[PDB]
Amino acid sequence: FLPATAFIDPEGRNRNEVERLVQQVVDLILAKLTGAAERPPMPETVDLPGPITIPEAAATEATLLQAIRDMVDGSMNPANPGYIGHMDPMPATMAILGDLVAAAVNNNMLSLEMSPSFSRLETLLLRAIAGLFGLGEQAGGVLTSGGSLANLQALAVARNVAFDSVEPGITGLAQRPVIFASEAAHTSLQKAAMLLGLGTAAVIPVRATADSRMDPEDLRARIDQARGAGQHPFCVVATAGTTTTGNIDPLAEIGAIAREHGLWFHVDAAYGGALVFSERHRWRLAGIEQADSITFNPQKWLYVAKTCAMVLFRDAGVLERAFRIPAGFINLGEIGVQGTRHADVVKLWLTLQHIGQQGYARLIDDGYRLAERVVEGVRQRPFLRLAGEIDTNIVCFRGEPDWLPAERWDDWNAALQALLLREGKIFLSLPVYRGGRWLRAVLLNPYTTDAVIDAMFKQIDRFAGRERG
């Protein structure tokens, strides 16, 4: 037996039933999103669900709607204006609808024939985005399900170019291939190094400054040291928007050092790459136009529903030469880590069009303005300290109250994070950084106002007043 609405009949025979079911789900979702501020940024404690059994018989539409209601009510809620803790934003309206459209036609990015109206669009759109990064006329890339895959693919190509490893692999080598990255760079570099057969220890950390920016003098020292240890450097990764503090490495200096030493220059701009849409702020990315490859994630600061990420190459032909396996448009499955892929280009393209470059410029500038308000508040309070200068709309800071022993500060900041969430409905993350627990604000929600930040500080001050501070 099959339920009457298990599939949509292509000759209309269950139209009314399908329309009714779809409408109930759409109405539920619209009620939950237009009323998202009625739910806290994080859900009430879970209740530990028990073993799952796959049912024999079809579930009723009533059961399915209750399931959806429960999954929404139990989910994280970045649409709450007090959600200010992670690089996970509320989705653009056209990103929600773009996924509805993509799931409905259910095409496959594996090949042109399986995605005739999406494949060429993706290739053309990513050439246009590469132009915004200034990479030049040979540039292009592919969409990937997440920035970790984009980093994996960039590093795979860097490895394959340096060691000609597509067919014979790298097991024959007598010196260990190594890459350099900031001590503040993302752990997907180590995951990638493991996957690529380099091992996690192949990612050599470079000292970051007090402002969490890679130190070019230490990069030189580490490169010299690796060669002296008989290692084989092949890539430098600069990070444009570090995860914890949102800082941007000095891309032009790092790139110049990579080029002097013949190393592939990869820029992980997962977060900070969005600045290419801001006339006012994109100078921070100066030097990125010379990258050999760039990772960029519209699912972070371009508000595209997860996942949406890409890897761009200054010479797209490199994917043919040093990636694609042995056998004018190239089937995208041949030149990505994935074969079959969801049509993320639909939500990306609809969202880019709906918001426009000028809309992102507004979002980004307002993000900076809110971050600056947080910085101001932190600076004026002796008991709160910044992790360092900020380069994006992210502020990492913590209490260092001089009336408590330093040994107690982690507990203090943890208790503060919990109180802000439980009583203020304001969510900050609490990363481990420099051996301690720090608070972290990521000012992404378009509906977070100055008043939310003011309310945060009022609660922080009241908490700080408890133990005689």
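So that the term is clear: the rigid core is the largest set of C-alpha atoms that superpose within 1.5 Å between two forms. All residue numbers are counted from 1 along the displayed sequence.
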_Aligning on the core, I want to see which stretch wanders more in 4 other deposited structures of this protein. Is it 395-403 or 361-369 by C-alpha RMS?_
395-403
_Given a rigid core fit, name the stretch, 24-32 or 404-412, whose C-alphas are on average farther from the form shown here in 4 other deposited structures of this protein._
404-412
*Output yes if residue 421 is unmodelled in at least a third of the other compared entries of this protein, no if it is modelled in all of them.*
no
*asked:* So residue 430 is built in this one, but is it left out in a third or more of the other compared PDB entries that include its neighbours?
replied: no
*For the stretch from residue 327 to residue 328, please bin the deposited residues that the model skips: none, 1 to 3, 4 to 9, or 10 or more.*
4 to 9
_Segment of higher mean CA temperature factor, 218-226 or 182-190_ = 218-226
_Selected stretch [higher average CA B-factor]: 245-253 or 172-180_ = 172-180
*Grab the CA temperature factor for residue 440 from the record and place it in the lowest, middle or highest third of its chain.*
lowest
*Comparing residue 366 with the other modelled residues of its chain, is its CA B-factor in the lowest, middle or highest third?*
highest
*residue 300 by Cα B-factor - lowest, middle or highest third of the modelled chain*: lowest
*Pull the Cα B-factor of residue 360 out of the PDB entry and bin it into the chain's lowest, middle or highest third.*
lowest
*Thinking about Cα B factors across the chain, which third does residue 277 belong to?*
highest
